[PDB]
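Everything below concerns the one structure shown next.
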Amino acid sequence: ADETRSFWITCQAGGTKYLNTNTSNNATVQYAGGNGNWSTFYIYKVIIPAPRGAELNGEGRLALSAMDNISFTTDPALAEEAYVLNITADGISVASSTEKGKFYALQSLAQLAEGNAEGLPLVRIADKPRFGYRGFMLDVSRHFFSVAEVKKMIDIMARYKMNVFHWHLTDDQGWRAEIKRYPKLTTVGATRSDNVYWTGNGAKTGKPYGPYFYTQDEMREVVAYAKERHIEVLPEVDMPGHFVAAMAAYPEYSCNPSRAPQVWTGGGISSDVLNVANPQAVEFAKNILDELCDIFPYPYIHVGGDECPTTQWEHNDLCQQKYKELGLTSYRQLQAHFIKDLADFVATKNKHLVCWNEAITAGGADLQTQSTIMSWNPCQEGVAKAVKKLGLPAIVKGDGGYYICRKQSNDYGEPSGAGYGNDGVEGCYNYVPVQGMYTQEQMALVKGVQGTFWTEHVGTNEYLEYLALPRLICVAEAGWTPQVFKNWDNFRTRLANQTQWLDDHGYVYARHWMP
């Protein structure tokens with residue numbers, strides 16, 4: 001019973017045993033020079049040693065398919081992320097077109113062995129993802145996690161076979177992505193005068209806070225890591241709105257520079273935008289969207305467009321001198337005409353765009369099609385009609401169910417947090433992002449699901465996992481498992497038995513399910 005239920009599966013009679021007292025050998029089949037054969041196997045074999053001791057190397061002739069037990073053939077008519085894992089008491093044929101394909105094939109397999117290793121039955125496991133957008137996303141804007149950890153959230157992304165990591169480098173409360181034509185944004189941005197966050201009543205804890213941020217070559221480590229677990233990474237930077245961080249520390253552009261701005265210690269909404277009506281406030285942006293590109297080789301940048309009042313535009317007579325230029329009378333639509341510019345100007349050296357889906361809110365006919373919404377408030381109805389039906393791709397961070405960063409149970413010693421019990425685990429794979437979705441184009445413009453985390457009240461390792469886990473999985477199963485074979489009754493079960501992991505490798509995890 002492997003995980004993120006396989007598309008299609010079979011059983012067969014009486015079981016193999018790896019044999020590693022001597023071995024259970026390799027047989028990767030070259031082509032696609034190295035790439036994903038031996039190579040992304042070499043980090044296999046090593047899988048790990050500490051369980052059993054792999055012991056594969058070659059002792060004999062790894063590379064003859066004739067007494068070869070675990071053969072790594074290529075049949076390049078296989079789709080990319082798709083694998084075909086035969087398990088017999090002779091060995092383990094694993095086919096795959098693209099290393100991505102083949103990476104997963106030994107994931108399932110692993111978990112087919114004992115929950116540790118040595119002792120599988122027989123099976124055939126054709127399996128492939130509904131969505132290649134099975135997403136996460138980490139609010140590292142209100143907070144830094146250390147990388148020991150950041151890594152330890154890609155760790156899981158892996159188990160349950162998601163690929164992208166999306167990254168919240170910047171919101172008001174701090175900025176956490178080093179731009180070197182603008183060190184300040186990180187030296188002052190990234191710093192703040194408090195651990196915590198208000199939110200009307202809650203106070204701050206007037207105690208300084210930092211590790212500031214992530215120097216460029218603390219990215220290029222990260223943005224590397226993933227690739228061997230094929231986790232591509234949307235850089236995001238809430239633009240221009242959620243920018244107190246990057247305004248207090250470069251206000252001259254702003255919409256009142258004379259006015260004493262500073263990093264934020266509470267939460268919720270800021271209005272404090274990047275005066276997007278002054279052709280240097282722009283450059284500022286445009287020169288950021290340079291820096292990213294380089295460090296992030298993934299062909300999207302996530303730009304936000306979310307919940308940004310126009311407050312300081314209305315009364316800014318640059319950003320109402322432009323609003324005659326542009327040629328229209330909806331003043332959301334700098335957010336059109338600021339984002340416009342991001343596209344065609346990052347379409348002359350190469351990269352695309354994503355956004356939150358409030359940015360619909362204008363005549364979202366000003367930008368481009370060719371732009372890839374990521375909605376949450378009215379979920380289904382959000383990536384529906386002026387996104388799919390006007391040919392804009394789209395994701396669906398179901399606010400409901402899939403913000404796996406809301407209190408997961410109303411119990412009376414669950415820590416603080418927002419919620420109302422209304423997000424538990426009977427509630428978060430049940431949440432159906434295929435609620436009568438006509439396929440016309442609306443499932444070749446839907447790209448998939450993504451299980452964000454929002455930090456305000458939540459800021460240490462323990463408790464984020466305690467919240468995160470298990471729900472992460474649910475967003476990741478649905479993500480992968482196709483909506484024909486999707487009922488829980490036997491989800492619970494299989495996924496009690498993935499806590500013995502969360503244990504071994506020192507993951508905190510809820511339990512609610514678990515006896």
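As shown in the structure tokens, the chain order sets the letters A, B, ...; within each chain, residues go from 1, and ligands are also counted from 1 in the order they appear.
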
Residues near residue 353 (chain A), cut-off 6 Å, only C-alpha atoms, skip fewer than 2 positions along chain, as a ChimeraX atom specification: /A:300-301,371

Keeping only N, CA and C atoms, write the selected residues to a file as a PDB file, in the first residue's frame.
```
ATOM      1  N   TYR A 300       8.915  30.485 -14.193  1.00  0.00           N
ATOM      2  CA  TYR A 300       7.895  31.376 -13.625  1.00  0.00           C
ATOM      3  C   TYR A 300       8.497  32.264 -12.536  1.00  0.00           C
ATOM      4  N   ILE A 301       7.950  33.479 -12.320  1.00  0.00           N
ATOM      5  CA  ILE A 301       8.131  34.276 -11.106  1.00  0.00           C
ATOM      6  C   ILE A 301       6.754  34.620 -10.552  1.00  0.00           C
ATOM      7  N   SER A 371      -0.551  33.945 -18.444  1.00  0.00           N
ATOM      8  CA  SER A 371      -0.399  34.400 -17.063  1.00  0.00           C
ATOM      9  C   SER A 371      -1.287  33.569 -16.128  1.00  0.00           C
TER      10      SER A 371
END
```

Name the residues in contact with residue 225 (chain A) at a cut-off of 12 Å, using only C-alpha atoms, excluding same-chain residues fewer than 5 positions from it; report them as a tab-separated table (two decimals) with N, CA and C atoms, in the first residue's frame.
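Below you can see part-v9.tsv, which holds the result:
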```
chain	number	residue	atom	x	y	z
A	147	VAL	N	17.83	26.88	7.24
A	147	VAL	CA	17.82	26.05	6.05
A	147	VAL	C	17.80	24.61	6.51
A	148	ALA	N	18.36	24.31	7.69
A	148	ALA	CA	18.34	22.91	8.12
A	148	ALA	C	16.90	22.40	7.93
A	150	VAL	N	14.05	24.36	6.16
A	150	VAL	CA	13.60	24.54	4.78
A	150	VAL	C	13.85	23.23	4.02
A	151	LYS	N	15.09	22.73	4.12
A	151	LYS	CA	15.44	21.44	3.56
A	151	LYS	C	14.45	20.39	4.07
A	152	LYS	N	14.23	20.34	5.40
A	152	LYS	CA	13.39	19.37	6.04
A	152	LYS	C	11.91	19.58	5.77
A	153	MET	N	11.53	20.46	4.79
A	153	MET	CA	10.18	20.48	4.27
A	153	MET	C	10.13	20.01	2.80
A	154	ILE	N	11.28	20.11	2.12
A	154	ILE	CA	11.48	19.45	0.84
A	154	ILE	C	11.60	17.95	1.07
A	155	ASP	N	12.24	17.54	2.18
A	155	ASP	CA	12.31	16.14	2.61
A	155	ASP	C	10.94	15.50	2.44
A	158	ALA	N	8.99	15.31	-0.95
A	158	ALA	CA	9.52	14.15	-1.65
A	158	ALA	C	8.66	12.95	-1.33
A	165	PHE	N	8.58	23.51	-4.93
A	165	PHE	CA	8.56	24.32	-3.71
A	165	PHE	C	8.37	25.78	-4.10
A	218	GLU	N	23.33	31.47	-0.45
A	218	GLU	CA	22.58	30.56	0.40
A	218	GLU	C	21.31	30.14	-0.32
A	219	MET	N	20.93	30.80	-1.42
A	219	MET	CA	19.99	30.25	-2.38
A	219	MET	C	20.76	29.16	-3.12
A	220	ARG	N	21.76	29.49	-3.95
A	220	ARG	CA	22.21	28.59	-5.00
A	220	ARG	C	22.55	27.21	-4.48
A	230	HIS	N	14.01	16.78	-7.73
A	230	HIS	CA	13.22	17.43	-8.77
A	230	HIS	C	12.13	18.29	-8.15
A	231	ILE	N	12.58	19.25	-7.32
A	231	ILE	CA	11.68	20.20	-6.69
A	231	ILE	C	12.05	21.59	-7.24
A	232	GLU	N	11.31	22.00	-8.28
A	232	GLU	CA	11.50	23.32	-8.87
A	232	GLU	C	10.76	24.30	-7.99
A	233	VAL	N	11.16	25.57	-7.98
A	233	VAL	CA	10.91	26.49	-6.88
A	233	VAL	C	10.43	27.82	-7.44
```

Identify, on the basis of only C-alpha atoms, every residue whose closest approach to residue 473 (chain A) does not exceed 12 Å; exclude the query and any residue fewer than 3 positions from it along the same chain; express the result as a ChimeraX atom specification. /A:3-5,134-136,153,156-162,401-402,404,425,428-429,449-451,465,468-470,476-481,491-492,494-496,498-499,502,509

File of the preceding selection, C-alpha atoms, as a short mmCIF file (atom, residue, chain, number, x, y, z; two decimals), in the first residue's frame:
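Written out: out-v3.cif:
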```cif
data_model
loop_
_atom_site.label_atom_id
_atom_site.label_comp_id
_atom_site.auth_asym_id
_atom_site.auth_seq_id
_atom_site.Cartn_x
_atom_site.Cartn_y
_atom_site.Cartn_z
CA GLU A 3 1.38 6.40 -1.18
CA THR A 4 -0.56 9.06 -2.89
CA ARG A 5 -2.58 6.11 -4.09
CA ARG A 134 1.37 19.46 -6.66
CA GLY A 135 2.50 22.51 -4.75
CA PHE A 136 3.70 23.72 -1.39
CA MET A 153 10.18 20.48 4.27
CA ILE A 156 8.60 15.43 2.96
CA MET A 157 7.48 17.08 -0.30
CA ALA A 158 9.52 14.15 -1.65
CA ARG A 159 7.95 11.24 0.23
CA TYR A 160 4.46 12.16 -1.02
CA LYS A 161 5.80 12.92 -4.47
CA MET A 162 5.27 16.64 -5.04
CA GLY A 401 -9.04 22.35 3.24
CA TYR A 402 -5.72 23.22 1.64
CA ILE A 404 -2.70 23.58 5.83
CA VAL A 425 -8.34 16.01 8.09
CA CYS A 428 -8.84 18.43 3.49
CA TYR A 429 -8.69 15.59 0.96
CA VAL A 449 -3.16 22.12 -6.14
CA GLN A 450 -0.86 23.62 -3.56
CA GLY A 451 -0.83 23.47 0.23
CA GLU A 465 4.93 20.50 11.49
CA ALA A 468 1.54 20.99 8.69
CA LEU A 469 1.48 17.26 9.28
CA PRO A 470 -0.26 15.16 8.16
CA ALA A 476 -0.12 15.88 -2.06
CA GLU A 477 -2.24 12.78 -2.58
CA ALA A 478 -5.15 14.53 -4.32
CA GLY A 479 -2.35 16.42 -6.01
CA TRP A 480 -1.11 13.15 -7.49
CA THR A 481 -3.84 10.54 -7.04
CA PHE A 491 -6.51 6.60 3.18
CA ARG A 492 -6.51 6.93 6.97
CA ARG A 494 -2.30 3.39 4.98
CA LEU A 495 -1.33 6.80 6.36
CA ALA A 496 -1.34 5.90 10.03
CA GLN A 498 3.57 6.80 7.67
CA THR A 499 3.94 8.17 11.20
CA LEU A 502 7.62 11.05 11.02
CA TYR A 509 3.30 15.50 13.26
#
```

Need to verify the contact set: residue 372 (chain A), 10 Å, only C-alpha atoms, exclusion of same-chain residues closer than 5 positions in sequence. Can you return it as a PyMOL selection string? chain A and resi 300+302+352-357+383+387-388+391-395+445-447

Skipping near chain neighbours, those fewer than 3 positions away, what residues fall within 12 Å of residue 317 (chain A) using only C-alpha atoms, listed as a PyMOL selection string? chain A and resi 255-256+275-278+312-314+320-324
